[PDB]
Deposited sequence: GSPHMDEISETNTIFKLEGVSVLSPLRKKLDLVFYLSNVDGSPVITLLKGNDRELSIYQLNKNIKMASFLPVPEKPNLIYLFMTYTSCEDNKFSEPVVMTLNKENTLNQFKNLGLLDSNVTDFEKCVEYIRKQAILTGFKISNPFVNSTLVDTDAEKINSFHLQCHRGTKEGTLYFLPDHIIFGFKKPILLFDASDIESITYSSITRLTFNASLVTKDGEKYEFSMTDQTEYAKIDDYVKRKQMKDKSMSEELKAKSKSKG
């Protein structure tokens, strides 16, 4: 059916490191389908299509750049879609991206700031009919905490909470959080438990106490509305 070419690709980022919904180095391609002339995002090894999303305006539900904690030379692009099914998580290497974009004549060309790469991709998101938030730019916040025995990072976006990235990744809409309640107050940490309107309950443990301030305001504001 579809053929990806130099003449129909909007842009291609080589060798991104995908975590989910599978762990493999792949290529990110935005292109206009020859089949019906509409935008398609796809991930490829060589020329095997590992994953494709279509009608981006309908099917990308949310997309965002999140920081890789402790690793500023990297960033995550995170996306939730119903393709034609877990979230997509990619790690892009900031300097390697800047390079690719330069060799592709997209950046001019001793520009150093990776944020320009981000801006470009976000602009493509727009032409291509969806959007990507970028809420952590140098407020939203994240923190390390545990789910059961395994560490993870919990992200407070403006309209979502993401806990990842070991299986399963979890995504919540602020709308669906009925309440957050605080338990297990030790001398150093405390615990937070979310309950989804749809009954379900999640427990995040060893949140360091210096985080409470933030997590409160967030839950204050989100409930005052």
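Enquirer: Which parts of the deposited sequence lack C-alpha coordinates in this model? Number from residue 1, please.
Expert: Missing C-alpha atoms (numbering from 1) occur across the ranges 1 to 4, 89 to 93, 148 to 158, 246 to 261.
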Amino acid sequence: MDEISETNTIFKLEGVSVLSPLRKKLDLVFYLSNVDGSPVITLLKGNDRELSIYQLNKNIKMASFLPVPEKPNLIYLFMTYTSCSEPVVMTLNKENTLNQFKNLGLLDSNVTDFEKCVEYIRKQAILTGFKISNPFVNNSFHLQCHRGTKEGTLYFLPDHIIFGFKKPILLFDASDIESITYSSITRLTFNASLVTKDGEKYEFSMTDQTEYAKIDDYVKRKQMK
From here on, numbers count along this sequence of modelled residues.
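Enquirer: In the PDB record, does 29 to 37 or 170 to 178 carry the higher mean Cα temperature factor?
Expert: Averaging CA B-factors over each stretch, the winner is 170 to 178.
Enquirer: Which is higher on mean Cα B factor in this entry, 8 to 16 or 199 to 207?
Expert: Comparing averages over the C-alpha atoms only gives 199 to 207.
Enquirer: Going by the deposited entry, which of 194, 43, 162, 185 has the highest CA temperature factor?
Expert: Of the candidates given, the C-alpha B-factor peaks at 194.
Enquirer: Kindly indicate the residue among 132, 84, 92, 117 with the greatest C-alpha B-factor in the PDB record.
Expert: Answer, based on the entry's C-alpha B-factors: 84.
Enquirer: What third of its chain, lowest, middle or highest, does the C-alpha temperature factor of residue 64 fall into?
Expert: CA B-factor rank for residue 64: lowest third.
Enquirer: Which third of the chain does residue 106 land in by C-alpha B-factor: lowest, middle or highest?
Expert: As the PDB entry reports it, the C-alpha B-factor of residue 106 lands in the highest third of its chain.
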